[PDB]
Ligand SMILES: *[C@@H]1O[C@H](CO)[C@@H](O[C@@H]2O[C@H](CO)[C@@H](O)[C@H](O)[C@H]2NC(C)=O)[C@H](O)[C@H]1NC(C)=O
Ligand SMILES: *[C@@H]1O[C@H](CO)[C@@H](O[C@@H]2O[C@H](CO)[C@@H](O)[C@H](O)[C@H]2NC(C)=O)[C@H](O)[C@H]1NC(C)=O
Ligand SMILES: *[C@@H]1O[C@H](CO)[C@@H](O)[C@H](O)[C@H]1NC(C)=O
Ligand SMILES: *[C@@H]1O[C@H](CO)[C@@H](O)[C@H](O)[C@H]1NC(C)=O
Ligand SMILES: *[C@@H]1O[C@H](CO)[C@@H](O)[C@H](O)[C@H]1NC(C)=O
Ligand SMILES: *[C@@H]1O[C@H](CO)[C@@H](O)[C@H](O)[C@H]1NC(C)=O
Ligand SMILES: *[C@@H]1O[C@H](CO)[C@@H](O)[C@H](O)[C@H]1NC(C)=O
């Protein structure tokens, strides 16, 4: 089993404590109260920080001091009645508040916002400019979780809201759901564990004719034997209109899922099954891909891995054979194509063989019945290179969040990957070009001095937004958001040896300053970087 | 997932290099050549060191210097013709020698010895006193492996030789076998992977009416899905006489096996499947048990565990329901008792319901046919306490060999366990009394100065013999055998704090010397030890 | 099928290949038995060699019967040529499909270490005929001897094959007559042996071995009359021996063959 490589550079808390931190202060400055940050997102040129009771906005471009200040603040607190109901049902006082868990650009002037609202999920529209709500509050059921600790997906496509969460206080009814957008609402079949079995929702992307959902769930493949969690990707047709009067009315007619394969192959293959995070679709080396982080189960020796998946290999798995169980007592086997109905289950109305069908409502019953009973594909999606790009199996924490710069370097053609973790440690590696990886940097970015207050010391990275234009990776914790420079170039001062040995796409030795600096595609200046090797041949 | 506890004391190579080492020298002293030690065993008061071409004997009781000397030497080299044949078949020159892999007391005057003999396994009888052979050489086929690197089992019971190894040069035909002892020879069914599937043989014990075999093999339980290795225990009746003219003639009629359960239970259970070692039957806390070390698969994040098994829980699994596969395409399920023949498969002739049967030869066909087709039990053997007594999941090496002192302390009633590893590191823990464990000591006993010669530095512990009477644990490496004191008592000199905090059964503070010393059941002197706690309340 | 082997001076032996009716422990699928000149011999039809671990026989493994329902090996034909005996078999393909194979043994090899088995068949015009129906050993005739670049008195195996590898019980009419010079069969086997003894690949005989087994590299010269050692055996292979297609039909299925030279 492959050993953990060493990073070229290590940035200790000693160094990184100088990175600017946001803790919700306006300019001018007094005792701090925990922020309970939920998520961060950059849209346009504004950094949005979703939290308890509030969304804070940060002006990314004019932030130029030791402390990152708040520009504007949205305020949405739960009514007392809702808080009371929440407490009455046995939830702790700290849980019974409005935690913002959905924040999306609806259009150029409108934010779509949902909050747990003390275990009574609710949704509202806000003017982007004034951050004031307009129109009426409306249900967040199936759109926003009740519990701020739960993972959830929300995404707009062509005006329609795709969401994955639970519909009920007790969180028994997990669902993948679509509403709004002048289209019918659709959901996964309630209480059908062949569709979903205790899922943990991770990510959704809009790609082509489909929305793809990434999640993990209990694997029915292992029904017999023990409980095992598998990672999944699932497709739905963007144009789904639901089933007929007789089958899958008001449900998806295009829902299929498949195991993702993240493994180190061997005498026996070693799988990383616990999906932690997935990027948006990224163009890399001429291919549309996502990157994903996986860990081993919590009741096991801890390990993390990063695998990449080509959107074509994903599309491909859904053209293959379906899985089935010939009997409550048999193993799962592929369905022979001869037994697959026409039109093919999972193909969108108005597709090649299906121009005859104006909408899914007109699909025949044998097709709808088949997909209702065979949501699972036989094969697993292969990873690019058929093994992880990156491994960590010698640390006590897990890799979680992931961000990617696919245009790093003077020539904007290197792929650098940033990896967050449970312990506030960021990892940086270069994707060789798509085979392998080089471990550039490990850094401790959690700042106890700015972030450990009001009795909270929680080093879990809750989100990362990479922003090329400001040269930064914004890293969210529960109590603070940190601005981290993409590179530590100027750090090497006048030591050319260290600069060149860094082998870092962002960095190079400039012969006009006699110093190491970050390189920009606008620089007409002459630089020196050896990335393909770190040949020093002293000393500093 | 539970973290690794810290040891109370750590003995670095700095300290342990003073332990006496055997490297095959007679008294008097010259360039050293690798010994290629295979195994060690103490019988009577002599330590036997089985190796290439030789068995070395050490006089345990009169060994009292920095170097452990050879007393006597058995010499058995392969004939040149056998060496030539071996090389001709493509085996490396270093492999084509006589490696001693079987050494057993046949009776008070006779050693039974088998050697790989350059891939032509052969067996001989030796006079214990003179270490000279008498009578003729005879076949080692099925009794001794061809390849010195292969694991094998050999054991006498009532004059009969029980052995597990491969019968063929290519090592395809793995077998559990019995011969000699004026009894019929028996073997497992050749080429029946329900009986054995690429097994790795670990240990056999003689207990009651049965011989129990411990091994690992590919699990047919996971036929569908991937290749998975499971640990097993298997029974055979000591009085087996083989089958009838029509069924299992010349084969076992009593062979049954079962999965061993070594796991940390949880949301999902975490299994240690790769069985490394197993003790002989040991009386502990009024129970007959074996202890066993398990690791994770070689293609996985490394981890080791120690579980204990009660001989009654083992016997018990073999009274339960058999496993079966209702079809080449179904999962493995229990066989209903109504479908189990009478007499019961696996019960020994002349047992309770079976006095009617003088020998297994007279068993009915439905019984023999059933056991021939159902060698596997449904249930797994539970471990004592239903979890490991000891875990190591933060090191790069695996736990392997195991030795146990079940009579440690002034009152000979503590259970101390010694654990070897791939890196020459010994671990020492106390078994709480049967719940849990306390981590007394970690020590590096490999001695580069004495053991790293002739180009070999191999830190793998190949055997351990605990010898109470000489107060020592003898630890075998490929190139050397080390004599390690059971306790490091006198080490604490006059520091009572350290002595008491050691919490070590062997050690105590003697108020007549004002010093820490090892305690013996013969000592009339007054001691002080606090094992149930290490309360110091300074300083040294 | 059987083949009697007895030279001047030798007492005699009988090679038998047979289906075993799923009774793999009762009946060897292929073996050598004594066939003494004296009808009253106390050794008549005994195994040529019987030992605890090594006998002059091949048994079908339980594993194979477990993998394929009603698995069996059918022995269509058998013959002696030069220093070897040959058996032509049909059997289910171990993970329906069937595979037709040539099995070769040295005439003098009581340990059965010489066992080699290779698939065979023929093709013509995009059509594959891989399901053996019948065979017959004969001389080539001048035209075929030329085509095969062999001498006039060298042996040639003539065979009938049905289309494809499926439908053993209900073959289509599409069938072919094919010829295999013994010389090319032996040559392709020798090369398989040499490749294996150079350490390339695996034995590739899943049905008999029950697992992938590596070829062992070893300093052993392989000649036309190599008779095996206890390494690299029994020996299989995935690459078919191709015959020369002589005649095809799609109308009336070919069922038998005999041949001579006039
Ligand atoms: C996960 O991916 C690995 C790598 O592709 C797969 O491993 C291969 O398995 C196939 C058989 O299906 C073998 O032919 C290859 O040799 C294997 N690759 C290697 C390098 O060992 C693995 O099967 C995949 N797992 C699943 C469930 O699809
Ligand atoms: C291995 O041992 C563990 C511990 O006994 C078993 O875990 C139990 O499984 C049963 C169901 O069979 C549950 O009722 C118990 O609650 C489990 N114990 C715990 C503490 O979780 C496990 O099933 C065993 N594995 C096998 C294959 O037998
Ligand atoms: C994005 O930011 C610019 C200013 O940089 C602002 O003028 C514009 O309104 C924003 N674009 C929109 C509305 O998406
Ligand atoms: C990136 O592009 C530049 C030239 O455009 C080249 O020098 C460098 O090698 C390229 N690196 C790649 C292909 O990743
Ligand atoms: C064991 O050792 C004693 C000496 O301590 C010796 O006299 C005796 O022969 C041995 N016992 C046997 C033969 O097992
Ligand atoms: C061992 O025995 C002695 C008395 O015989 C006692 O003091 C000590 O507590 C015992 N420890 C055990 C039971 O393990
Ligand atoms: C045919 O055989 C002859 C010798 O028998 C040989 O010289 C020639 O190479 C062969 N013809 C070919 C292969 O062209």
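Our numbering is plain: 1 for the first residue shown, then up by one each step along the chain.
Just so you know, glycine gets a Cβ as well, placed from its N, Cα and C.
Listed in Swiss-Prot for this protein:
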- C:106-C:227: disulfide bond (DISULFID)
- C:122-C:178: disulfide bond (DISULFID)
- C:149: N-linked glycosylation site (CARBOHYD)
- C:196-C:215: disulfide bond (DISULFID)
Listed in sequence order, the residues of the same chain lying six or more positions from residue C:196 (disulfide bond) whose CB sits under 8 Å from its CB are C:203, C:215, C:216, C:232, C:235
For residue C:149 (N-linked glycosylation site), the spatially nearest of the disulfide-bonded residues C:106, C:122, C:178, C:227, using Cα atoms, is C:178
Whole-number Å distance separating the Cα atoms of residue C:122 (disulfide bond) and residue C:227 (disulfide bond) is 28
For residue C:106 (disulfide bond) and residue C:178 (disulfide bond), the CA-to-CA distance in whole Å is 25
Densest Cβ environment (other Cβ within 10 Å) across the disulfide-bonded residues C:106, C:122, C:215, C:227 belongs to C:122
Whole-Å Cα distance, residue C:227 (disulfide bond) to residue C:178 (disulfide bond), is 28
Per DSSP (three-state), residue C:215 (disulfide bond) is coil
The correct three-state DSSP answer for residue C:122 (disulfide bond) is strand
A correct count of other C-beta atoms within 10 Å of the C-beta of residue C:149 (N-linked glycosylation site) gives 9
Chain A interface subset of recorded positions C:106, C:122, C:149, C:178, C:196, C:227, CB distance under 8 A, sequence order, none if empty, is none
CB < 6 Å to ligand 7, subset of disulfide-bonded residues C:106, C:196, C:215, C:227, seq order -> none
Residues near residue C:178 (disulfide bond) by Cβ (under 8 Å) yet at least 6 apart in sequence within the same chain, in sequence order, are C:121, C:122, C:129, C:158, C:159, C:160, C:161, C:243, C:244, C:245, C:246
In the three-state DSSP scheme, residue C:106 (disulfide bond) belongs to strand
